[PDB]
Amino acid sequence: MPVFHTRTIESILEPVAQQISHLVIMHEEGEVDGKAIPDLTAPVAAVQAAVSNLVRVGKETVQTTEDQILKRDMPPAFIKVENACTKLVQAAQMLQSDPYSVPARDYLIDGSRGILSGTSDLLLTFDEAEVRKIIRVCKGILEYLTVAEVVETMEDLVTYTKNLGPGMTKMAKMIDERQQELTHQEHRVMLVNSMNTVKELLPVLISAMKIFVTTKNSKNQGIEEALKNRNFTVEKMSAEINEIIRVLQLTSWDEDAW
Amino acid sequence: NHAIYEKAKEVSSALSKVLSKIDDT
Amino acid sequence: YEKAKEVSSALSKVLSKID
């Protein structure tokens, strides 16, 4: 299936996904069981090897990973491609005997779709775990942002900026690659626009902090405003970050996790 | 990890060769 | 204090990275 919910996963399974459409499209007209195809004992031996490596890696991915969802969603994707691969092999034999078998073409098709489908699930499941890595980072920035309300000195400000800076950088780099892989404009825009705002406001949030931490130091000066202006940027940025979490959340949540 | 995509390209390629070995006319 | 100077300098280095 067109389970290409990513621009990379798409560019990977698209080419072969097309060829499969033909086989089904042609096998429907009766033009598939037509030709007497050569020996697929060599090529089918390749995919059988290719699938073994894919499965192997996926098995390791689960081994290492800390993501419990990916830990329990990957294994099946393995089984899928694994037995869909056997149908592929079977068809190769059926054809090695009779290059005209229409049921061999049935397996030849059902198997190709199983390989392409399983591969999709595999990648998609893995990717969704990567999206949760982003969500985590964002949820981290969200937390520290509130810490900006307890900063009462220049030394605190120095520390705060030193900390926010890095995470602010990581989530910025993560959202960058992220928006590129998206397959829907609307999402990409929000993701991009929202992250930009966060970038725009960061220096503003630091100003509001310096002004406050200073005006408060400059004792005997209007401070109910500096506070309000600092708490606003904190709120604005926090809101933008939630739109990001929400978007990333909408574009990856596979409901087997309830 | 970022290999899963590697092996995925290999199975996506093998399946391709097999499919195109049935394509001709 | 270089505090205000450092706070800025630190924010600068960060913004350049965010860039």
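Refer to the structure printed above.
Numbering of residues starts from 1 on every chain and follows the written order of that chain's sequence, so it may differ from the entry's own numbering; residues lacking coordinates are omitted. Whichever chain is written first is A, and whichever ligand is written first is 1; the rest continue in order. Hydrogen atoms and water are omitted, and side-chain values are computed over all heavy atoms in the structure.

Draft legend 1. Examining the packing of helix α2 (residues 43–64) of chain A against helix α1 (residues 4–20) of chain B more closely. Relative to each other, α2(A) and α1(B) sit at 160°, their axes nearing to 8 Å. Comparing their axes, α1(B) and α2(A) come out roughly antiparallel. With respect to the hand of their crossing, α2(A) and α1(B) are arranged in left-handed fashion. Packed against α2(A), whose contacting residues are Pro43(A), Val44(A), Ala46(A), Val47(A), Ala50(A), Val51(A), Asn53(A), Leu54(A), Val57(A), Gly58(A) and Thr61(A), the element α1(B) presents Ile4(B), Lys7(B), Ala8(B), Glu10(B), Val11(B), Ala14(B), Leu15(B) and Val18(B) at the interface. Only the stretch in contact is used when a helix axis is fitted, and all axes are lines through C-alpha atoms; the angle between N-to-C directions ranges over 0 to 180 degrees. Only DSSP runs of H or I reaching four residues or more are called helices, and only runs of E reaching two or more are called strands; each is numbered from the N terminus. Just so you know how the angles are binned, under 35 degrees is roughly parallel, over 145 roughly antiparallel, 65 to 115 roughly perpendicular, and the rest oblique. Left-handed describes a crossing in which the near helix is turned anticlockwise from the far one by less than a right angle; the clockwise case is right-handed. In what follows, a contact means two residues having at least one pair of non-hydrogen atoms within 4.5 Å.

Draft legend 2. Geometry of helix α6 (residues 185–215) of chain A. An expected span of 1.5 Å times one less than the residue number is assigned to each helix. For α6(A), spanning 31 residues, the distance from its first C-alpha to its last is 44 Å, which sits close to the expected 45 Å at 1.5 Å a residue. At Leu201(A), α6(A) shows its maximal kink, close to 30°; a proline, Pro203(A), follows between one and four residues later. Two axes enter the definition of the bend at a residue: one is fitted to the seven residues ending there, the other to the seven starting there, and the bend is the angle between them.

Draft legend 3. Quick peek at the interface of chain A and chain B. Counting residues at the interface gives 37 residues for chain A, matched by 20 residues for chain B. Once two parts are put together, the accessible area they lose, assessed with a 1.4 Å probe and summed over both, is termed the buried area. Of the roughly 2,500 Å² buried where chain A meets chain B, counting both sides, 74% is carbon and sulfur surface. Of all residues in chain A, the largest losses of buried area upon contact with chain B belong to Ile12(A), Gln19(A) and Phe126(A), amounting jointly to 19% of the total for that side. Definition used for salt bridges: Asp or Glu carboxyl oxygen within 4 Å of a side-chain nitrogen of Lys or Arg. Where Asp24(B) meets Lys35(A), a salt bridge forms, and the shortest distance between an N and an O atom there is 3.9 Å. Whenever a nitrogen or oxygen atom comes within 3.5 Å of another N or O atom, the pair is scored as a polar contact, on the condition that within protein one atom can donate a hydrogen and the other can accept it, and that pairs from neighbouring residues in sequence are kept only if both atoms are in side chains. The interface formed by chain A and chain B contains five residue pairs in polar contact. Looking at the side of chain A that touches chain B, the elements that each hand over two or more residues are α1 (7–29), α2, α3 (68–97) and α4 (102–147) of chain A. Here the element with the most residues in the side of chain A that touches chain B is α2(A); it accounts for 12 residues.

Draft legend 4. Focus on the packing of aromatic side chains. Residues and elements named next belong to chain A. Put simply, two rings from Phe, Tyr or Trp (the six-membered ring, in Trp's case) pair if the centres are within 6.5 Å, and we call them stacked under 30 degrees between planes, edge-to-face over 60, tilted for the rest. Inspection of every chain in the model, using the stated rule, returns three aromatic pairs over all chains. Relative to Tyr160, the ring of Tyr144 has its centre 4.8 Å away and its plane inclined at 10°; by these criteria the two rings are stacked. Highlighted residues: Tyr144 in helix α4 and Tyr160 in helix α5 (residues 154–181), separated in sequence by 16 residues. Throughout, exposure labels follow a simple rule: accessible area from a 1.4 Å probe, protein chains only, divided by the maximum for the residue type, with under 20% read as buried, over 50% as exposed, and the rest as partly exposed. Classification of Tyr144 by relative accessible area gives partly exposed; the value is 22%. With a centroid separation of 5.8 Å and an interplanar angle of 55°, the aromatic rings of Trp253 and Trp258 are classed as tilted. Residue classification places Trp253 among the exposed positions, given a relative accessible area of 54%. Ring-over charges, as used throughout, are those where CZ of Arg or NZ of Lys falls within 6 Å of the ring centre and within 35 degrees of the ring normal. A cation sits over an aromatic face here: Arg230 above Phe212, 4.8 Å from the ring centre.

Fair warning: the whole summary comes from geometry, so function is off the table for now.
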